[PDB]
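Here we start with a single chain on its own, the form deposited without its partner chain, put down as structure tokens.
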């Protein structure tokens, strides 16, 4: 269930930043979130599992399910069907901003 707590019921927007500050980002920074745990490089052609929202490479995920475990390599949950895999364009849209 998605019941909203008292806080969530009355929470306000978190105002965004128009100021034009700049953040510094190394290939190491945020790496825990951007690395395909298959190939440990940058996500290219991202895929996401619909049951658990886990991202992998399109070219990489085909081989991990090919080696006989049919679960999600991250949370170890049975990956049902084939429609559980969708390419993630809104996520690759994000990679293209961070070449290193």
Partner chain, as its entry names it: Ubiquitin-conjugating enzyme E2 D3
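Positions refer to the first chain, counted from 1.
Keep in mind that the form deposited with its partner chain bound is not shown, yet the notes after this line are about it.
Using a 4.5 angstroms limit between non-hydrogen atoms, residue 76 touches its partner chain in the entry with it bound. In the entry with it bound, its partner chain sits within 4.5 Å of a heavy atom belonging to residue 63. For the chain shown alone, residue 69 is a contact residue for its partner chain in the entry with it bound, at least one non-hydrogen atom being within 4.5 angstroms.
Shown without its partner, the chain has 28, 37, 38, 39, 40, 41 in segment 26-48 as residues with a non-hydrogen atom within 4.5 angstroms of its partner chain in the entry with it bound.
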